2 protein chains.
Amino acid sequence: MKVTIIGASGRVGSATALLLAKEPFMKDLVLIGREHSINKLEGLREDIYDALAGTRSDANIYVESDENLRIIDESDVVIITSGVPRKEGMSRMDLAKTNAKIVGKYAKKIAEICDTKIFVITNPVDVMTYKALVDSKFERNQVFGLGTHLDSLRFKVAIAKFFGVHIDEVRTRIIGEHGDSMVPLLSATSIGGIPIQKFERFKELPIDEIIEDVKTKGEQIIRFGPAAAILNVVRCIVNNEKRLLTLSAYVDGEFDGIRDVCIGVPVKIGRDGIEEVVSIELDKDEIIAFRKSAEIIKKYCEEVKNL
Amino acid sequence: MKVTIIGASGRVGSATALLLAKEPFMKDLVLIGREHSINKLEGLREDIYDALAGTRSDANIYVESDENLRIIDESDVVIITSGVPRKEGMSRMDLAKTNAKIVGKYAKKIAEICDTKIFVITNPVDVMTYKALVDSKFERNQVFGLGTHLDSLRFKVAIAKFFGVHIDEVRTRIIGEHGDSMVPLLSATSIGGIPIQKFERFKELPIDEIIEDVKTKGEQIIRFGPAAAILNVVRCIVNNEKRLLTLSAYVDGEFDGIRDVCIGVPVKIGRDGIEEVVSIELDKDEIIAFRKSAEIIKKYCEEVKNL
Ligand SMILES: NC(=O)c1ccc[n+]([C@@H]2O[C@H](COP(=O)([O-])OP(=O)(O)OC[C@@H]3O[C@@H](n4cnc5c(N)ncnc54)[C@H](OP(=O)(O)O)[C@@H]3O)[C@@H](O)[C@H]2O)c1
Ligand SMILES: NC(=O)c1ccc[n+]([C@@H]2O[C@H](COP(=O)([O-])OP(=O)(O)OC[C@@H]3O[C@@H](n4cnc5c(N)ncnc54)[C@H](OP(=O)(O)O)[C@@H]3O)[C@@H](O)[C@H]2O)c1
């Protein structure tokens with residue numbers, strides 16, 4: 001497999017690089033950064049080679065600037081983590097427009113070289129995925145974003161802890177915006193396969209407290225972080241696993257009254273990327289909240305669309 | 001951990017012995033058989049020691065006849081696999097009474113030595129678990145049987161195959177008798193956490209064909225067999241995992257209109273054995289079928305109770 005990471009010089013990009021390099025299916029790993037980052041990337045490559053020393057890995061690591069993307073040709077997946085993180089003093093719209101220009105430029109440049117899958121990590125992820133889809137002109141199954149995948153895993157841990165059951169027995173998910181308008185799907189939450197609604201303890205679940213925790217600490221490491229979540233999706237693709245993850249994907253009516261937007265939703269993932277957006281009936285409160293979330297995201301998409 | 005297997009000279013007993021010996025938590029493994037089986041058991045112990053050669057395992061393997069069970073003292077769990085298998089030409093009642101005398105004698109002899117947990121594998125498992133509970137006079141959380149645990153795993157594989165999703169995304173179970181009166185719990189079957197009823201494909205699920213397969217091939221190896229299923233439960237106990245498996249356990253009203261019988265049911269398993277029988281509302285057809293199944297089992301229990 002060949003993977004390119006644009007934004008490898010950053011925190012999440014460098015962590016992801018280290019994890020991917022250790023994978024048996026990894027053949028060619030391309031690390032892209034701006035010209036002023038080459039020295040740092042060369043340092044990262046040496047660190048990776050040291051970590052791989054002793055093993056029989058035959059993976060090649062490349063370091064290149066973003067001036068000429070010829071090197072990304074034939075990549076199975078291109079991960080974009082370039083972008084300015086949560087600014088201490090700025091609005092989400094300024095963040096959206098600022099990163100829209102970064103992700104959009106890379107999406108357009110990638111498409112000039114080859115057809116491939118784009119995995120967007122830069123925030124606001126749902127909006128950046130949409131912008132990447134628009135500027136690349138790729139098919140809807142080829143562009144997606146981390147979305148609420150890690151948020152849903154965090155929620156899983158919280159529920160398992162509350163019921164006192166093994167983590168494996170809990171399957172849940174959060175859809176919508178990877179932000180304050182996320183929607184926990186209690187109608188699609190099972191414990192040992194049993195609907196969570198069928199437990200008397202469900203009545204005492206601190207849903208509000210738990211969600212508050214996911215909204216503010218959702219991108220933090222779980223005592224497993226963003227890097228591990230990204231590897232999870234990459235493995236699902238190269239191994240054609242067919243899992244029903246929750247990622248930022250393009251929707252066009254799968255959920256009545258929701259179209260022309262990218263937003264966290266259940267999808268079946270495989271070697272062909274988003275092989276399908278799984279549409280199911282939601283409960284009254286969930287659909288209302290989901291529409292609300294989609295409306296918030298649609299506004300940002302409309303504002304960065306032409307940038 | 002210390003485990004005793006009574007019936008280790010048999011097919012499932014010997015396979016289980018081999019698997020358990022390789023576990024890191026295994027300290028003392030006791031193999032019990034009738035006097036005429038000692039040579040075969042000594043041969044099995046040599047085979048196990050050969051398999052363990054090269055590793056740094058510090059497990060001790062003991063071979064003893066069933067004349068003096070002093071050796072089982074302090075066992076964390078005693079697995080009983082002794083019994084006559086499905087006779088080519090005989091009724092289930094004859095099988096029940098015949099094995100009732102075997103399992104019951106061992107349950108009584110074990111209780112004379114120490115208090116411990118008894119894991120019953122001999123068929124009819126639901127009836128043999130009940131007989132072991134009655135003759136040992138142990139608490140209801142200390143005696144249980146494999147039940148429909150492996151049947152439920154087989155059902156899981158069939159459903160995952162039909163929907164074309166990763167095995168991990170499917171959680172289901174079958175309750176009732178480990179026999180022809182088993183009851184698949186579609187109301188407690190989720191795909192990616194989503195109720196199976198919410199999929200359009202659910203309408204075309206060959207439930208009848210699949211169940212027929214589980215009823216006749218349920219004890220066969222899955223391309224994972226009985227031995228692996230037993231290790232699964234043992235690991236759940238020693239590691240206090242808190243999984244919601246489906247085992248043969250004593251029920252006393254957890255499911256309205258069902259008591260004084262051992263039958264496959266959802267239970268939370270931990271270091272203390274059956275820490276609780278999970279009672280939940282079943283759909284109309286499931287409860288009717290479950291009561292039917294319990295009535296069939298109750299008849300056998302009443303007939304072997306005093307043996
Ligand atoms: N969804 C999630 O779970 C999640 C988690 C963590 C982070 N993120 C997001 O992903 C992005 C990166 O996070 P981070 O913590 O890794 O930040 P960061 O490490 O401090 O830096 C990211 C890095 O951003 C690139 N960059 C910055 N401005 C650029 C520009 N104008 N043009 C091209 N590249 C530019 C950098 O390139 P140079 O070094 O070349 O300047 C560098 O690769 C952020 O938008 C953040 O919100 C999302
Ligand atoms: N629930 C499941 O998934 C499952 C799967 C497989 C088997 N089983 C059940 O477990 C039992 C064993 O199966 P199997 O295939 O292992 O049969 P088997 O191998 O051919 O023999 C079992 C062995 O049974 C013992 N035994 C037989 N008659 C005995 C008696 N009168 N007193 C004491 N021990 C006696 C044997 O002792 P000696 O060698 O000392 O004579 C020996 O340990 C059967 O009842 C079978 O139905 C259940």
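Ligands are counted one by one from 1 in listed order, and the atoms in each one are counted from 1 as well. Both backbone and side-chain heavy atoms feed into the values below; hydrogens, waters and symmetry mates do not. Per chain, numbering begins at 1; letters A, B, ... match sequence-line order.
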Considering only protein heavy atoms, which is closest to [atom], and at what distance to one decimal place?
atom	result
atom 7 (C) of ligand 1	A:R86 NH2, 3.5 Å
atom 36 (C) of ligand 2	B:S9 OG, 3.9 Å
atom 10 (O) of ligand 2	B:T122 CA, 3.5 Å
atom 19 (O) of ligand 1	A:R11 N, 2.7 Å
atom 33 (C) of ligand 1	A:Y106 OH, 3.4 Å
atom 1 (N) of ligand 2	B:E219 OE2, 3.5 Å

Between B:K215 and B:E212, is there a salt bridge with N-O shorter than 4.0 Å?
no
Would A:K299 and A:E303 pass as an ion pair if we require N to O under 4.0 Å?
yes
Against ligand 1, does [X] come closer than 4.0 Å with any heavy atom?
X	answer
A:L150	no
A:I121	yes
A:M128	no

Using heavy-atom distances, let me know which of B:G10, B:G83, B:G225, B:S248 sits nearest atom 25 (C) of ligand 2.
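Considering heavy atoms of B:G10, B:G83, B:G225, B:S248, the nearest to atom 25 (C) of ligand 2 sits in B:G83.
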Selection from A:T81, A:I102, A:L31 by shortest heavy-atom distance to atom 12 (C) of ligand 1
A:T81
Out of B:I211, B:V214, B:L146, B:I175, which residue meets the side chain to side chain contact (heavy atoms under 4.5 Å, CB included) rule with B:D151?
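The residue from B:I211, B:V214, B:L146, B:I175 that satisfies side chain to side chain contact (heavy atoms under 4.5 Å, CB included) with B:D151 turns out to be B:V214.
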Ligand 1 versus A:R34: contacting region, heavy-atom distance under 4.0 Å
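Both the backbone and the side chain of A:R34 come within reach of ligand 1.
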With heavy atoms only and a cut-off of under 4.0 Å, state how A:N123 meets ligand 1: side chain, backbone, both or neither.
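Within the 4.0 Å criterion, A:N123 contacts ligand 1 through backbone and side-chain atoms alike.
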Quick check: does B:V12 get an N/O under 3.5 Å from an N/O on ligand 2?
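So ligand 2 has an N or O lying under 3.5 Å from an N or O of B:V12.
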Contact check: B:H36 vs ligand 2, nitrogen or oxygen atoms, below 3.5 angstrom
yes
Show me which atoms of ligand 2 lie under 4.0 Å from any heavy atom of B:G7.
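Result: 43 (O).
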Atoms of ligand 1 close to A:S37 [distance to a heavy atom under 4.0 angstrom, numbered from 1]
38 (P), 39 (O), 40 (O)
B:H178 and ligand 2 - part of the residue with a heavy-atom distance under 4.0 Å
side chain
